[PDB]
Amino acid sequence: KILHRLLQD
Amino acid sequence: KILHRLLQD
Amino acid sequence: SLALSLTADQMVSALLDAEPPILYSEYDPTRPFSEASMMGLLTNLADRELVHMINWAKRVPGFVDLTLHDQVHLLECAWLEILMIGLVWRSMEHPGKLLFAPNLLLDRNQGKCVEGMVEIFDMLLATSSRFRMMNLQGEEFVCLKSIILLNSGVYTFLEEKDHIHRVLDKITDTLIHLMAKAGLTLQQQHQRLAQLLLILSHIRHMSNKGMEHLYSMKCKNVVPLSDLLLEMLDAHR
Amino acid sequence: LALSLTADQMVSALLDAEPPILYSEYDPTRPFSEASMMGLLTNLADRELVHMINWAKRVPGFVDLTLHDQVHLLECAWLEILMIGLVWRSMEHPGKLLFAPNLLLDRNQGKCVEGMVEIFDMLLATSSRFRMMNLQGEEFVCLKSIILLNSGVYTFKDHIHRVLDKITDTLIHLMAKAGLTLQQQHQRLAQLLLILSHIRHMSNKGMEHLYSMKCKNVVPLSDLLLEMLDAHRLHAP
Ligand SMILES: CC1=CC[C@H]2C[C@@H]1[C@H](c1ccc(O)cc1)OC2(C)C
Ligand SMILES: CC1=CC[C@H]2C[C@@H]1[C@H](c1ccc(O)cc1)OC2(C)C
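Residues numbered from 1 in each chain as written, not as in the entry; some residues may be left out. Chains lettered and ligands numbered in written order. Heavy atoms only, no water. Residues with missing side-chain atoms left out of burial classes, pairs and counts.

Our next topic: the UniProt feature "binding site: 17beta-estradiol" in chain D. Residues and elements named next belong to chain D. The positions UniProt marks with the feature "binding site: 17beta-estradiol" are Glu48, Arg89 and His209. Checked against the element boundaries, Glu48 lands in helix 2 (residues 34-56). Aside from chain neighbours lying at most four places away, what touches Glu48 is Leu22, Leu82 and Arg89. Within the secondary structure, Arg89 is located in helix 3 (residues 67-89). Residue class for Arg89 comes out buried when judged on its relative accessible area of 18%. Leave out the neighbours within four places in its chain, and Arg89 touches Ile21, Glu48, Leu98 and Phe99. (UniProt positions renumbered as here; feature names shortened; annotations may be inferred. Helix = DSSP H or I, 4+ residues; strand = E, 2+ residues; numbered from the N terminus. Contact = heavy atoms within 4.5 Å. Buried < 20%, exposed > 50% of the residue type's maximum accessible area, 1.4 Å probe, protein only.)

Quick look at the structure:
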């Protein structure tokens, strides 16, 4: 889930 | 349309 | 005019008096539910509620001053929002239950009888929960309800709109007045006022979602909706 | 930390969090098509999404939420937040929508996509409401923050409500220091938040529209938009 990663990154 | 009738009444 | 000419607590009284009644469904409680019986019951009710709310809109300050065509528009946009916050209001003291009618009290688990309906129940329950957290009062509620009628159609309509905004402001004054004499601090009045009006945003969402569910159910031809329902429904697309 | 920020420190922190204004890849000497327009503005929305995530975690009290909360909040509000940006950007260009400094679309150019012109209309009506109301950059960043924290909060949060109360204080702070009297303060604050209800409405219309463009597949959407899109439930006959 791209969102999750853009948010953790 | 039934709304118009009810309204003007 | 005369809507501009009410006192704060003359506004509240007029609205309290304008309230429509609470209707019963034709629910035979000895019979369990199916999808078609559900919808049927719930659409039959909304249809009968539609007549009262119209005769209620005529008794909300300023509304009757608006042209017939502008009145139609406001109603076509808000009817289900108005139905919804009423539902939410009746259910406030029935945690986990939706009081569609005193004889039709729906558990969230029963919402599953109708396909897709369960999400809508969860939102409606949460809103009712929110009202409870906040301990929403009858005087404010009737103010909120009127706001929905005057606010939902307005930005898609000629300074007929200016008059609508004046009454909107008069209804704000009214709400502040209520909280002021409820003993709220100046800051606590702003916050509450914002908390209430922010909820209308979620109520708009529920109605959009709900609207689509209804359109879905008709396309599916699961239950035949009244001819008022099908008009209010087609106004949206 | 968000809670112990002065109103002033709140406004500044938000103004500095502002995402930049992005550009279209649009090349002006090429003609438009339902496909090319939808391509240009989903391309634009998709790059804007990346900057919104960033801005989100620079909104006081947002990094303080569980990552799943963060996700839910953004899945719910993403289109409203692009829309309020759009509407604010198009303020000084009445009759037109500044999607990008080199993508100024007028009313007629919405016909290029079927089902787009009515959302165009709602959108123009909103920025027009903003301009008429003469919304200030500082007030705008508060509104945007409110949508992020408010839209999803009821479909799960004291922390979120306390932050939401802090942003409300700040809005008033701004009005109180702009010269507005006490009733003028609470009226403007009502008119502001009542507009958020319309933005929620346009968001649901535009989301159904987007899913429609996927369904008749006039353009391949990005992986992120599809995720955004799929956090909502929809259909298209
Ligand atoms: C008959 C309906 C069908 C679909 C929508 C709108 C109403 C129904 C409703 C809502 C409030 C009310 O007072 C009566 C019916 O709610 C749902 C099921 C969500
Ligand atoms: C590409 C889109 C298609 C349908 C919806 C959502 C976005 C588009 C949009 C809005 C703001 C923005 O910054 C980027 C795209 O707005 C409309 C056209 C209303």
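Residue and element names in this part refer to chain C. Close to ligand 1 lie 13 residues, the nearest being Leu42, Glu49, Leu80, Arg90 and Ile120. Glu49 has a polar side-chain atom sitting 2.8 Å from an oxygen atom of ligand 1. A distance of 3.4 Å is found between an oxygen atom of ligand 1 and a side-chain nitrogen or oxygen belonging to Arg90. Protein chains bury 100% of the 420 Å² of accessible surface belonging to ligand 1 in isolation. Taken together, the elements giving at least two residues each to the shell around ligand 1 come down to helix 2 (35-57), helix 3 (68-91) and helix 4 (117-134). In terms of residue count, helix 3 provides more of the shell around ligand 1 than any other element does, 5 residues in total. Split into classes, the residues belonging to the shell around ligand 1 amount to 10 nonpolar, 1 polar and 2 charged. (Near = heavy atom within 4 Å. Polar contact = N/O pair within 3.5 Å; in protein donor to acceptor, adjacent residues only side chain to side chain. Areas by Shrake-Rupley, 256 points an atom, 1.4 Å probe, with all protein chains shown as cover. Nonpolar A, V, L, I, M, F, W, Y, C, P; charged D, E, K, R; others polar.)

To continue, consider the packing of helix 2 of chain D against helix 3 of chain D. Residues and elements named next belong to chain D. Helix 3 packs onto helix 2 with a crossing angle of 105° between their chain directions and a minimal axis gap of 11 Å. As summarised for this structure, helix 2 and helix 3 are arranged roughly perpendicular, according to the angle between their axes. Taking contact as the criterion, the partners of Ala45, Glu48, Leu49, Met52, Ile53, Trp55 and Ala56 in helix 2 are, on helix 3, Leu74, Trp78, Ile81, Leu82 and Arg89. Looking at the contact of helix 2 with helix 3 residue by residue, the class counts come to 10 nonpolar, no polar and 2 charged. (Axes fitted to C-alpha atoms, helices over the stretch in contact; angles between N-to-C directions. Parallel < 35°, antiparallel > 145°, perpendicular 65-115°, else oblique.)

Spanning 24 residues, helix 3 of chain C covers 33 Å between terminal C-alpha atoms, matching the ideal 34 Å at 1.5 Å per step. The sharpest bend along helix 3 of chain C reaches about 55° and sits at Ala78 of chain C. (Expected span 1.5 Å × (residues − 1). Bend = angle between axes of the 7 residues up to and from the residue.)

Residue and element names in this part refer to chain D. By nearness alone, 13 residues border ligand 2, and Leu41, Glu48, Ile119, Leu123 and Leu210 come closest of all. If ligand 2 stood free it would expose 420 Å²; the protein chains cover 97% of that surface. Among the secondary structure elements, those contributing two or more residues to the shell around ligand 2 are helix 2, helix 3, helix 4 (117-133) and helix 7 (182-215). Among the residues making up the shell around ligand 2, the classes are represented as 9 nonpolar, 2 polar and 2 charged.

With 3 pairs of chains in contact overall, the contact-richest pair is chains C and D. Spatially, chain A and chain C are disjoint, and the shortest separation between their C-alpha atoms is 23 Å. One thing to see here is that chain B and chain D don't touch, and their nearest C-alpha atoms sit 23 Å from each other.

Our focus in this paragraph is the nonpolar core. Core analysis: the largest hydrophobic core is formed by 175 residues, its most contacted members being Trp79 of chain C together with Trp78, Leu148 and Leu149 of chain D. Per element, the largest residue contribution to this core is 13 residues, and it comes from helix 7 (residues 186-219) of chain C. (Core = buried A, V, L, I, M, F, W, Y, C linked by side-chain atoms within 4.5 Å.)

Turning our eyes to something else, we now look at unusual backbone geometry. Residues and elements named next belong to chain C. Residue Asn135 is not a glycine yet carries a positive backbone phi of 60°. At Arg237, a residue that is not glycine, the phi angle is positive and equals roughly 150°. Relative to the helices and strands, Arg237 is located in the segment after helix 8 (227-234).

Residues and elements named next belong to chain C. Mapped onto the present numbering, the UniProt feature "binding site: 17beta-estradiol" falls on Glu49, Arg90 and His213. With respect to the helices and strands, the residue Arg90 is situated in helix 3. The class of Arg90 is buried, set by a relative accessible area of 14%. Each residue touching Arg90, except ones within four places of it in the same chain, is listed here: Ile22, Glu49, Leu99 and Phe100. For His213, the position within the fold is in helix 7. Relative accessible area serves as the criterion here: at 14%, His213 is assigned to the buried category. In contact with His213, other than residues within four places in its own chain, are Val114, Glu115, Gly116 and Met117.

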